[PDB]
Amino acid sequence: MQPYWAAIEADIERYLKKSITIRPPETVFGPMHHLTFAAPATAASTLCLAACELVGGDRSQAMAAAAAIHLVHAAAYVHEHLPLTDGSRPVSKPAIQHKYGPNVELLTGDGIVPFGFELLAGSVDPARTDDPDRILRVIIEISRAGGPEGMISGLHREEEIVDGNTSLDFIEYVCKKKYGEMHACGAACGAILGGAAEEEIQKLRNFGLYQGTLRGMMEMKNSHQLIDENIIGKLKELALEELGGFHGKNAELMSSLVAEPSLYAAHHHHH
């Protein structure tokens, strides 16, 4: 990935590591620490820091929200990979490694989500006027996006997907719900925390939506080969369009997420 985005990501990693200090009882915080970092990195989290600085803010104010977003996603990740006994869900061809048993996994996920709200709630700065309102609003966004009409609808509909037999339209919808809403939530939240106004918030949200959707598509093109560059072109266009109107240094970076910048390393390979 690009230099800017790996560094934001590392910031979030260091913040999460500082907030989740493995202490007694270790059968509790050990699994909580391991699973937070065992989950894949999500741009919905970095997109939060990014959009905040993009609208004037200091990524630092968007930090609690970025951590919470990663945390809501990590709990979801763990639950999705839970070994289930009744075979109520296709055991996703892609099985992952499991350091701890199901009971510990289930439970920790259950403990990870509230933790994201704890960091948020507790990040309120008294010497800040609108803090309680933005933080309140961000908590509504995150809990909606991690909720039944959000991430959960995507996880649920994901189970009906059948190996190269499901349409691109259906998969795009599953990715929009599973990834899109969280990315949208992340851009939206960082805008909010960064002081933005409503029109920007609505465009960064729309951007997040398209980008997240596009990213989920990329992550499934390795499980259902068919990803016509038409879909990608589609989401890519939709995203950049939303981005229009943010001119600047930082704005340059944002658009990079969606569309990679011209690099010699990518031409040197193919040559």
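What we label the rigid core is the largest C-alpha set whose atoms superpose within 1.5 Å from one form to the other. Counting begins at 1, following the sequence as shown.
In 6 other deposited structures of this protein, superposed on the rigid core, the segment with the larger root-mean-square CA displacement between 45-53 and 236-244 is 236-244. Structural divergence in 6 other deposited structures of this protein between 219-227 and 204-212: following superposition by the core, 219-227 has C-alpha atoms lying farther from the shown form. Mean CA temperature factor is higher for 188-196 when stretches 188-196 and 139-147 are set side by side in the entry. Of the two segments, 169-177 and 81-89, the one listed with the higher mean B-factor is 81-89 (C-alpha atoms only). The top Cα temperature factor in the record, among 118, 160, 163, 110, falls on 163. Of the residues listed, 37, 246, 29, 207, the entry assigns the biggest Cα temperature factor to 246. Among all modelled residues in its chain, residue 203 ranks in the middle third by Cα B-factor.
Ranked within its chain, residue 102 lands in the middle third, by CA B factor from the PDB record. In the deposited entry, the Cα temperature factor of residue 257 places it in the highest third of its chain's modelled residues. Ranked within its chain, residue 212 lands in the lowest third, by CA B factor from the PDB record. Residue 59: CA B factor in the highest third of modelled residues in this chain (values from the PDB entry).
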